[PDB]
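J.: Structure: input-v4.pdb, PDB, C-alpha atoms.
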ATOM      1  CA  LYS A   1     -34.156   2.465  -5.251  1.00  0.00           C
ATOM      2  CA  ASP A   2     -30.457   3.454  -5.611  1.00  0.00           C
ATOM      3  CA  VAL A   3     -29.521   6.988  -6.658  1.00  0.00           C
ATOM      4  CA  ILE A   4     -26.545   8.606  -8.303  1.00  0.00           C
ATOM      5  CA  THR A   5     -26.435  12.363  -7.986  1.00  0.00           C
ATOM      6  CA  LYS A   6     -23.898  15.118  -8.508  1.00  0.00           C
ATOM      7  CA  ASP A   7     -25.665  17.373  -5.960  1.00  0.00           C
ATOM      8  CA  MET A   8     -23.853  17.980  -2.663  1.00  0.00           C
ATOM      9  CA  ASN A   9     -27.177  19.343  -1.249  1.00  0.00           C
ATOM     10  CA  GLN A  10     -28.762  15.902  -1.187  1.00  0.00           C
ATOM     11  CA  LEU A  11     -26.474  15.009   1.765  1.00  0.00           C
ATOM     12  CA  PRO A  12     -27.534  15.532   5.406  1.00  0.00           C
ATOM     13  CA  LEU A  13     -26.317  18.770   6.917  1.00  0.00           C
ATOM     14  CA  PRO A  14     -23.583  17.192   9.108  1.00  0.00           C
ATOM     15  CA  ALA A  15     -22.101  15.514   6.008  1.00  0.00           C
ATOM     16  CA  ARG A  16     -22.040  18.829   4.041  1.00  0.00           C
ATOM     17  CA  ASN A  17     -20.494  20.610   6.967  1.00  0.00           C
ATOM     18  CA  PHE A  18     -17.787  17.939   7.283  1.00  0.00           C
ATOM     19  CA  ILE A  19     -16.865  18.275   3.602  1.00  0.00           C
ATOM     20  CA  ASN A  20     -16.970  22.076   3.715  1.00  0.00           C
ATOM     21  CA  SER A  21     -14.720  22.232   6.808  1.00  0.00           C
ATOM     22  CA  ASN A  22     -12.015  19.736   5.791  1.00  0.00           C
ATOM     23  CA  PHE A  23     -11.522  19.883   2.024  1.00  0.00           C
ATOM     24  CA  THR A  24     -10.121  22.617  -0.195  1.00  0.00           C
ATOM     25  CA  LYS A  25     -12.621  23.762  -2.836  1.00  0.00           C
ATOM     26  CA  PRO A  26     -14.542  20.485  -2.788  1.00  0.00           C
ATOM     27  CA  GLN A  27     -16.648  19.498  -5.771  1.00  0.00           C
ATOM     28  CA  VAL A  28     -18.722  16.373  -6.247  1.00  0.00           C
ATOM     29  CA  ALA A  29     -17.731  13.827  -8.883  1.00  0.00           C
ATOM     30  CA  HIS A  30     -20.652  11.621  -7.865  1.00  0.00           C
ATOM     31  CA  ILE A  31     -22.675  10.557  -4.852  1.00  0.00           C
ATOM     32  CA  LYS A  32     -24.345   7.197  -4.463  1.00  0.00           C
ATOM     33  CA  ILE A  33     -27.339   6.968  -2.091  1.00  0.00           C
ATOM     34  CA  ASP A  34     -28.387   3.418  -1.153  1.00  0.00           C
ATOM     35  CA  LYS A  35     -29.328   1.236   1.832  1.00  0.00           C
ATOM     36  CA  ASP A  36     -27.490  -1.271   3.949  1.00  0.00           C
ATOM     37  CA  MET A  37     -29.006  -4.645   4.833  1.00  0.00           C
ATOM     38  CA  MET A  38     -30.671  -3.232   7.945  1.00  0.00           C
ATOM     39  CA  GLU A  39     -32.551  -0.763   5.640  1.00  0.00           C
ATOM     40  CA  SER A  40     -30.481   2.235   6.794  1.00  0.00           C
ATOM     41  CA  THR A  41     -29.574   4.931   4.252  1.00  0.00           C
ATOM     42  CA  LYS A  42     -25.902   5.198   3.253  1.00  0.00           C
ATOM     43  CA  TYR A  43     -24.051   7.900   1.260  1.00  0.00           C
ATOM     44  CA  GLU A  44     -20.884   7.332  -0.763  1.00  0.00           C
ATOM     45  CA  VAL A  45     -19.377  10.618  -1.893  1.00  0.00           C
ATOM     46  CA  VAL A  46     -16.562  10.880  -4.450  1.00  0.00           C
ATOM     47  CA  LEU A  47     -14.915  14.269  -4.931  1.00  0.00           C
ATOM     48  CA  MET A  48     -13.245  15.640  -8.077  1.00  0.00           C
ATOM     49  CA  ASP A  49      -9.889  15.391  -6.275  1.00  0.00           C
ATOM     50  CA  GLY A  50     -10.433  11.595  -6.053  1.00  0.00           C
ATOM     51  CA  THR A  51     -11.244  11.395  -2.290  1.00  0.00           C
ATOM     52  CA  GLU A  52     -14.060   9.109  -1.196  1.00  0.00           C
ATOM     53  CA  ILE A  53     -16.118   9.876   1.920  1.00  0.00           C
ATOM     54  CA  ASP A  54     -18.756   7.409   3.186  1.00  0.00           C
ATOM     55  CA  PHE A  55     -21.486   8.644   5.530  1.00  0.00           C
ATOM     56  CA  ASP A  56     -24.210   7.062   7.640  1.00  0.00           C
ATOM     57  CA  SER A  57     -27.864   8.038   7.461  1.00  0.00           C
ATOM     58  CA  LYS A  58     -27.386  10.954   9.890  1.00  0.00           C
ATOM     59  CA  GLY A  59     -24.394  12.307   7.971  1.00  0.00           C
ATOM     60  CA  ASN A  60     -21.655  10.941  10.245  1.00  0.00           C
ATOM     61  CA  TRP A  61     -18.492  10.071   8.341  1.00  0.00           C
ATOM     62  CA  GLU A  62     -17.504   6.421   8.378  1.00  0.00           C
ATOM     63  CA  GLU A  63     -14.503   6.469   6.095  1.00  0.00           C
ATOM     64  CA  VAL A  64     -12.283   8.959   4.196  1.00  0.00           C
ATOM     65  CA  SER A  65     -10.015   7.415   1.485  1.00  0.00           C
ATOM     66  CA  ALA A  66      -7.609   9.348  -0.735  1.00  0.00           C
ATOM     67  CA  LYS A  67      -6.737   8.462  -4.387  1.00  0.00           C
ATOM     68  CA  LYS A  68      -3.377   6.745  -5.095  1.00  0.00           C
ATOM     69  CA  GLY A  69      -0.563   9.298  -4.742  1.00  0.00           C
ATOM     70  CA  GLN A  70      -2.724  11.664  -2.712  1.00  0.00           C
ATOM     71  CA  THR A  71      -3.330  11.765   1.082  1.00  0.00           C
ATOM     72  CA  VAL A  72      -6.268  12.797   3.291  1.00  0.00           C
ATOM     73  CA  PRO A  73      -6.498  16.181   4.994  1.00  0.00           C
ATOM     74  CA  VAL A  74      -4.534  16.091   8.288  1.00  0.00           C
ATOM     75  CA  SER A  75      -7.623  17.786   9.828  1.00  0.00           C
ATOM     76  CA  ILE A  76      -9.752  14.651   9.666  1.00  0.00           C
ATOM     77  CA  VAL A  77      -7.098  12.452  11.346  1.00  0.00           C
ATOM     78  CA  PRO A  78      -8.217  11.861  14.948  1.00  0.00           C
ATOM     79  CA  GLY A  79      -6.067  13.428  17.678  1.00  0.00           C
ATOM     80  CA  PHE A  80      -4.958  10.117  19.176  1.00  0.00           C
ATOM     81  CA  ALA A  81      -3.747   8.968  15.715  1.00  0.00           C
ATOM     82  CA  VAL A  82      -1.880  12.198  15.053  1.00  0.00           C
ATOM     83  CA  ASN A  83      -0.201  11.589  18.391  1.00  0.00           C
ATOM     84  CA  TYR A  84       0.653   7.974  17.458  1.00  0.00           C
ATOM     85  CA  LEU A  85       2.129   8.996  14.101  1.00  0.00           C
ATOM     86  CA  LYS A  86       4.252  11.620  15.776  1.00  0.00           C
ATOM     87  CA  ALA A  87       5.395   9.223  18.518  1.00  0.00           C
ATOM     88  CA  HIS A  88       6.595   6.759  15.848  1.00  0.00           C
ATOM     89  CA  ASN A  89       8.013   9.262  13.343  1.00  0.00           C
ATOM     90  CA  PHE A  90       5.447   8.613  10.636  1.00  0.00           C
ATOM     91  CA  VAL A  91       4.375  12.306  10.206  1.00  0.00           C
ATOM     92  CA  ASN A  92       5.881  12.441   6.708  1.00  0.00           C
ATOM     93  CA  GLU A  93       4.375   9.276   5.248  1.00  0.00           C
ATOM     94  CA  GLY A  94       0.912  10.715   4.559  1.00  0.00           C
ATOM     95  CA  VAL A  95      -2.413   9.173   5.670  1.00  0.00           C
ATOM     96  CA  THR A  96      -4.405   7.682   2.812  1.00  0.00           C
ATOM     97  CA  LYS A  97      -7.350   6.197   4.793  1.00  0.00           C
ATOM     98  CA  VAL A  98      -9.170   6.850   8.033  1.00  0.00           C
ATOM     99  CA  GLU A  99     -12.063   4.525   9.018  1.00  0.00           C
ATOM    100  CA  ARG A 100     -14.242   4.301  12.089  1.00  0.00           C
ATOM    101  CA  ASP A 101     -16.801   1.808  13.211  1.00  0.00           C
ATOM    102  CA  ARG A 102     -18.062  -0.099  16.238  1.00  0.00           C
ATOM    103  CA  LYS A 103     -14.697  -1.737  16.748  1.00  0.00           C
ATOM    104  CA  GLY A 104     -12.677   1.506  16.687  1.00  0.00           C
ATOM    105  CA  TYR A 105     -10.466   3.121  14.098  1.00  0.00           C
ATOM    106  CA  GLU A 106      -8.201   2.192  11.221  1.00  0.00           C
ATOM    107  CA  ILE A 107      -5.459   4.478   9.836  1.00  0.00           C
ATOM    108  CA  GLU A 108      -3.589   3.591   6.605  1.00  0.00           C
ATOM    109  CA  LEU A 109      -0.412   5.337   5.355  1.00  0.00           C
ATOM    110  CA  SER A 110       0.722   6.037   1.745  1.00  0.00           C
ATOM    111  CA  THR A 111       3.078   3.059   1.986  1.00  0.00           C
ATOM    112  CA  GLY A 112       0.312   0.586   2.859  1.00  0.00           C
ATOM    113  CA  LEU A 113       1.303   0.347   6.531  1.00  0.00           C
ATOM    114  CA  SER A 114      -1.878   0.305   8.543  1.00  0.00           C
ATOM    115  CA  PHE A 115      -2.897   0.383  12.141  1.00  0.00           C
ATOM    116  CA  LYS A 116      -6.099  -0.462  14.005  1.00  0.00           C
ATOM    117  CA  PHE A 117      -7.135   1.044  17.290  1.00  0.00           C
ATOM    118  CA  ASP A 118     -10.037   0.446  19.643  1.00  0.00           C
ATOM    119  CA  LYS A 119     -12.716   2.984  20.534  1.00  0.00           C
ATOM    120  CA  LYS A 120     -10.500   4.587  23.202  1.00  0.00           C
ATOM    121  CA  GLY A 121      -7.622   5.026  20.655  1.00  0.00           C
ATOM    122  CA  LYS A 122      -5.511   2.124  21.892  1.00  0.00           C
ATOM    123  CA  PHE A 123      -3.579   0.101  19.402  1.00  0.00           C
ATOM    124  CA  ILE A 124      -5.204  -3.313  19.058  1.00  0.00           C
ATOM    125  CA  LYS A 125      -2.698  -6.040  19.912  1.00  0.00           C
ATOM    126  CA  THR A 126      -3.493  -8.810  17.391  1.00  0.00           C
TER     127      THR A 126
END
Represent the supplied structure as structure tokens.

T.:
Amino acid sequence: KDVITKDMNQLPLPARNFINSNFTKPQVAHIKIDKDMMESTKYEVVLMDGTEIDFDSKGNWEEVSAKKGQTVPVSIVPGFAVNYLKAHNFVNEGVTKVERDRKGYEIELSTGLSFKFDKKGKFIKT
């Protein structure tokens, strides 16, 4: 059965720690708790500042997405991607989405420019 809650304490500890460490004065707008098609629990957290954070059943972040006109905390941006943005002079664009999964990583900028990388942080030639 799906659940909507406003209680941060329903999240696994690693998920609460991630929010606490990376966001300024975070407060829950709402959290949806459901399952994927393999019967694994999923958490979709939306903060009052508009940011969405999706977590797996163990509390590992899968995606952080900022609201239009906002950007994600630089602290969540993986090192290799910070390095890439600096190497290509994109430090001042703002990152609006960071995603990770079995294929690697995706980073989106405020402009809509986006980049995918493999699990070792290498840009995927496509």

J.: Could you tell me how far CA of residue 67 in chain A sits from CA of residue 50 in chain A, in Å to one decimal place?

T.: 5.1 Å

J.: On this structure, the PyMOL selection byres ((chain A and resi 26) around 10) would catch which residues? List them as a list in words, sorted by chain and number.

T.: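 Here the PyMOL selection byres ((chain A and resi 26) around 10) matches residues 8, 19, 20, 21, 22, 23, 24, 25, 27, 28, 29, 46, 47, 48, 49 and 51 of chain A.
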
J.: If I take CA of residue 31 in chain A and CA of residue 112 in chain A, how far is one from the other in Å, to one decimal?

T.: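 Atom-to-atom, CA of residue 31 in chain A to CA of residue 112 in chain A, that is 26.2 Å.
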
J.: Report as an mmCIF file with C-alpha atoms, in the frame of the given file the full result of the PyMOL selection byres ((chain A and resi 93-95) around 9) when it is applied to this structure.

T.:
data_model
loop_
_atom_site.group_PDB
_atom_site.id
_atom_site.type_symbol
_atom_site.label_atom_id
_atom_site.label_comp_id
_atom_site.auth_asym_id
_atom_site.auth_seq_id
_atom_site.Cartn_x
_atom_site.Cartn_y
_atom_site.Cartn_z
ATOM 1 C CA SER A 65 -10.015 7.415 1.485
ATOM 2 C CA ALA A 66 -7.609 9.348 -0.735
ATOM 3 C CA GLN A 70 -2.724 11.664 -2.712
ATOM 4 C CA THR A 71 -3.330 11.765 1.082
ATOM 5 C CA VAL A 72 -6.268 12.797 3.291
ATOM 6 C CA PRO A 73 -6.498 16.181 4.994
ATOM 7 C CA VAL A 74 -4.534 16.091 8.288
ATOM 8 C CA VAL A 77 -7.098 12.452 11.346
ATOM 9 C CA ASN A 89 8.013 9.262 13.343
ATOM 10 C CA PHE A 90 5.447 8.613 10.636
ATOM 11 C CA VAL A 91 4.375 12.306 10.206
ATOM 12 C CA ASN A 92 5.881 12.441 6.708
ATOM 13 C CA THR A 96 -4.405 7.682 2.812
ATOM 14 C CA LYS A 97 -7.350 6.197 4.793
ATOM 15 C CA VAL A 98 -9.170 6.850 8.033
ATOM 16 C CA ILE A 107 -5.459 4.478 9.836
ATOM 17 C CA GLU A 108 -3.589 3.591 6.605
ATOM 18 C CA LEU A 109 -0.412 5.337 5.355
ATOM 19 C CA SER A 110 0.722 6.037 1.745
ATOM 20 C CA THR A 111 3.078 3.059 1.986
#

J.: Assuming the chain letters and numbering stay as they are in my file, what does the PyMOL selection byres ((chain A and resi 56) around 9) actually select? List them as a PDB file with C-alpha atoms, in the frame of the given file.

T.:
ATOM      1  CA  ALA A  15     -22.101  15.514   6.008  1.00  0.00           C
ATOM      2  CA  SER A  40     -30.481   2.235   6.794  1.00  0.00           C
ATOM      3  CA  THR A  41     -29.574   4.931   4.252  1.00  0.00           C
ATOM      4  CA  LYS A  42     -25.902   5.198   3.253  1.00  0.00           C
ATOM      5  CA  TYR A  43     -24.051   7.900   1.260  1.00  0.00           C
ATOM      6  CA  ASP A  54     -18.756   7.409   3.186  1.00  0.00           C
ATOM      7  CA  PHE A  55     -21.486   8.644   5.530  1.00  0.00           C
ATOM      8  CA  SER A  57     -27.864   8.038   7.461  1.00  0.00           C
ATOM      9  CA  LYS A  58     -27.386  10.954   9.890  1.00  0.00           C
ATOM     10  CA  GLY A  59     -24.394  12.307   7.971  1.00  0.00           C
ATOM     11  CA  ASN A  60     -21.655  10.941  10.245  1.00  0.00           C
ATOM     12  CA  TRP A  61     -18.492  10.071   8.341  1.00  0.00           C
ATOM     13  CA  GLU A  62     -17.504   6.421   8.378  1.00  0.00           C
TER      14      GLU A  62
END

J.: CA of residue 7 in chain A and CA of residue 39 in chain A, how far apart in Å?

T.: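 About the pair CA of residue 39 in chain A and CA of residue 7 in chain A: they are 22.6 Å apart.
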
J.: Taking all atoms listed in the file into account, name the residue in A:53, A:11, A:87, A:4 that is nearest to residue 100 in chain A.

T.: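 Between A:53, A:11, A:87, A:4, the residue approaching residue 100 in chain A most closely is A:53.
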
J.: Using only C-alpha atoms, which residue out of A:52, A:85, A:101, A:12 lies closest to residue 115 in chain A?

T.: A:85

J.: With all atoms listed in the file counted, which protein, DNA or RNA residues have an atom no more than 7 Å from (-25.0, 9.1, -4.8) in the file frame? Please answer as a PDB file with C-alpha atoms, in the coordinates of the input.

T.:
ATOM      1  CA  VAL A   3     -29.521   6.988  -6.658  1.00  0.00           C
ATOM      2  CA  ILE A   4     -26.545   8.606  -8.303  1.00  0.00           C
ATOM      3  CA  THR A   5     -26.435  12.363  -7.986  1.00  0.00           C
ATOM      4  CA  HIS A  30     -20.652  11.621  -7.865  1.00  0.00           C
ATOM      5  CA  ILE A  31     -22.675  10.557  -4.852  1.00  0.00           C
ATOM      6  CA  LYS A  32     -24.345   7.197  -4.463  1.00  0.00           C
ATOM      7  CA  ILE A  33     -27.339   6.968  -2.091  1.00  0.00           C
ATOM      8  CA  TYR A  43     -24.051   7.900   1.260  1.00  0.00           C
ATOM      9  CA  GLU A  44     -20.884   7.332  -0.763  1.00  0.00           C
ATOM     10  CA  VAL A  45     -19.377  10.618  -1.893  1.00  0.00           C
TER      11      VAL A  45
END

J.: To box range 38-52 of chain A, take all atoms listed in the file, fit an axis-aligned box, add 5 Å on each side, and give centre and edge lengths in Å to one decimal, as AutoDock Vina command-line options.

T.:
--center_x -21.2 --center_y 6.2 --center_z -0.1 --size_x 32.7 --size_y 28.9 --size_z 26.0

J.: Just checking: using all atoms listed in the file, which residue out of A:37, A:106, A:121, A:64 ends up closest to residue 79 in chain A?

T.: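 Of all the options, A:121 lies closest to residue 79 in chain A.
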